[PDB]
Each structure stands twice: as structure tokens, then as C-alpha cells.
Amino acid sequence: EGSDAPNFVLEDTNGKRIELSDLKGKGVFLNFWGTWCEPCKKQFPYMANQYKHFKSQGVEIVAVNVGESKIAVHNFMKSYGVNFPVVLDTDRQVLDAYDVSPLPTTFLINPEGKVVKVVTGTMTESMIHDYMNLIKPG
């Protein structure tokens, strides 16, 4: 759209305070997910591999888990090779702020804090790569 991404503050799995507006200057691949979401099992390892490249190119991932316990979320991260920030939307406030319907949904947010594209359903590693390029600082 080019619309303003709603700001939010959540904690990551180790207690790190992450506020979306502090990531201006970086692309944010904002991925709403749950451990029961089948596509996330294949998308997570693609995202981890791509992050190896993109983290130093100024694209951040914030993988917003929707409402699940730390133990289940940590277990999923171990299972699927997660090396990127995962935050806990424990009471669905951020999911609701983004008006998210199906999971997974990814918002591609550019370095200015604007939503440039919203994607739902399945995506391959090539698509993820291309998506991250859309939001990297120029």
C-alpha cells in the first residue's frame, strides 16, 4: 500500500524489548505465525538461510508468534533452525492491530516504516529472497 505500519512493542523469546519504530532504517520482514501452521515449517528454514545474507544488508525479521507458550515456540525454533528474532504476541494485540486473518501472513515493511506488500499462504525461498530485496535500504 505504502501505508504506515502500526507501531508495537513485544518481547522476544529471551525477554528482549523490540519496538517496531526503532527498526526504521532497516527493512522489516514482519511474519505472523503459529507452530501449528504447516507452511511455517518450510518457510522458517528458508527465512533462516536468507537472514544469513540479509541481516548485514539491513533487513530484519520479526517473526510474531500468535498467542503460544514460550516452551512450544522455543521447541519450534529448535526444530526449524531459527536464527532470527521471534516475539510473543501473547494476547493477540499486535495480530489485531495488523487486522491479520489467515496465518501465516507477512507484512513487508520498508526502511521508512511503510507496508509495501502483504503476503499470505505459501512462499518459497526465492520468493522470500525477492521479498527481502523489496525492503532493503537503497
Side-chain angles (χ1 to χ4, degrees):
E1 304 90 272
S3 67
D4 292 337
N7 194 26
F8 69 75
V9 177
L10 291 173
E11 295 190 354
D12 95 334
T13 52
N14 308 121
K16 180 178 182 185
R17 187 183 174 280
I18 292 174
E19 177 168 14
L20 183 60
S21 58
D22 290 338
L23 299 169
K24 281 190 183 64
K26 312 171 184 159
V28 183
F29 187 95
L30 186 65
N31 171 221
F32 287 86
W33 73 277
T35 68
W36 50 266
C37 292
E38 199 62 21
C40 305
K41 290 181 170 90
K42 275 173 177 176
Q43 287 177 21
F44 268 27
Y46 304 154
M47 289 160 57
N49 196 54
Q50 292 300 309
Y51 194 60
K52 295 175 176 187
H53 168 68
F54 278 102
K55 184 185 170 80
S56 64
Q57 304 298 121
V59 178
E60 184 59 286
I61 294 169
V62 176
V64 185
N65 171 269
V66 184
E68 303 179 289
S69 72
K70 281 195 209 57
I71 198 166
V73 164
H74 196 176
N75 191 57
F76 196 88
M77 291 166 75
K78 300 181 190 178
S79 299
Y80 297 108
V82 176
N83 62 1
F84 49 80
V86 170
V87 296
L88 294 175
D89 190 27
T90 62
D91 300 288
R92 310 171 74 80
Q93 287 185 60
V94 183
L95 172 104
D96 286 351
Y98 278 75
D99 199 35
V100 172
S101 174
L103 296 173
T105 289
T106 299
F107 298 83
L108 306 176
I109 297 162
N110 69 12
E112 302 78 34
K114 308 296 176 168
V115 182
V116 308
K117 185 175 184 67
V118 186
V119 298
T120 60
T122 64
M123 54 186 177
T124 62
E125 193 172 351
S126 183
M127 291 172 60
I128 295 169
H129 176 87
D130 284 359
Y131 292 159
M132 292 180 170
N133 266 345
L134 291 181
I135 56 170
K136 78 178 173 171

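Count residues from 1 along the sequence. Heavy atoms only: backbone and side chains are in, while hydrogens, waters and symmetry mates are out.
Under a hydrophobic-cluster definition in which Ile, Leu, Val, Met, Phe, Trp and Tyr are linked whenever side-chain heavy atoms come within less than 4.5 Å, directly or via other members, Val28 and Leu88 are assigned to different clusters. Note on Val86 and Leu108: same hydrophobic cluster, where clusters join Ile, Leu, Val, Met, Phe, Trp and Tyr whose side-chain heavy atoms are under 4.5 Å apart, directly or indirectly. Cluster annotation: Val87 and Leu20 are assigned to the same hydrophobic cluster (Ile/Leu/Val/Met/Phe/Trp/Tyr, side-chain heavy-atom contacts under 4.5 Å, transitive). Residues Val82 and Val62 do not share a hydrophobic cluster, defined by chaining ILVMFWY side chains whose heavy atoms lie under 4.5 Å apart. There is a path of hydrophobic side-chain contacts, each under 4.5 Å, that joins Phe44 to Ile128.
Put simply, the side chain of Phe54 reaches to within 4.5 Å of the side chain of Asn133, judged on heavy atoms. Using a 4.5 Å heavy-atom cutoff, the side chains of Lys42 and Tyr80 are not in contact. Using a 4.5 Å heavy-atom threshold, the side chains of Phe107 and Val64 count as separate. By the 4.5 Å heavy-atom criterion applied to side chains, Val66 and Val100 are not counted as neighbours. Looking only at side-chain heavy atoms (C-beta outward), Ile18 and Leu10 stay at 4.5 Å or farther from each other. Using a 4.5 Å cut-off on side-chain heavy atoms (C-beta onward), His74 and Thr13 make no contact. In this structure, the side chains of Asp22 and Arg17 come closer than 4.5 Å at one or more pairs of heavy atoms. Residues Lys70 and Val73 have side chains not in contact (no heavy-atom distance under 4.5 Å, counting atoms from C-beta outward).
Atoms NZ and NZ, on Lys24 and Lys114 in that order, are 8.0 Å from each other to the nearest 0.5 Å. To the nearest 0.5 Å, atom CD1 of residue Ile61 and atom OG1 of residue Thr106 are 9.5 Å apart. In this structure, the separation between NZ on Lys41 and CH2 on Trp36 is 10.5 Å, given to the nearest 0.5 Å. To the nearest 0.5 angstrom, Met47 atom CE is 11.5 Å from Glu125 atom CD. Between the CE atom of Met77 and the OG1 atom of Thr35 there is a distance of 12.5 Å, given to the nearest 0.5 Å. How far CD1 of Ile109 is from CG of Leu134: 13.0 Å, rounded to the nearest 0.5 Å.
Ring planes of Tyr98 and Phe32: tilted class, angle from 30 to 60°.
Contact between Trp33 and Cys40 at its shortest, heavy atoms only, is CB-SG, 3.7 Å. Nearest heavy-atom pair across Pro137 and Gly27 is CD-N, 4.3 Å. The two residues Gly81 and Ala48 have their closest heavy-atom pair at O-CB, 3.3 Å. Counting all heavy atoms, side chain and backbone alike, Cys37 lies closest to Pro104 at SG-N, 4.3 Å.
The aromatic ring centres of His129 and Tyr46 sit 6.0 Å or more apart. Ring centroids of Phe29 and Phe84 are separated by 6.0 Å or more, keeping the two rings apart.
Side-chain contact, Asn110 with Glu112: a donor N or O sits under 3.5 Å from an acceptor N or O.
Proximity of a side-chain donor or acceptor of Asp12 to a complementary backbone N or O of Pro85 within less than 3.5 Å is not detected. In this structure, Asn75 contributes its side chain and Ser79 its backbone to no donor-acceptor pair below 3.5 Å. Checking side-chain atoms of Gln50 against main-chain N and O of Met132 turns up no donor-acceptor pair under 3.5 Å.
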>> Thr105 vs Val118, test: side-chain contact (heavy atoms from CB on, under 4.5 Å). Steps then yes/no.
In response: CA-CA 7 Å; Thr105 289; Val118 186; 3.6 Å; yes
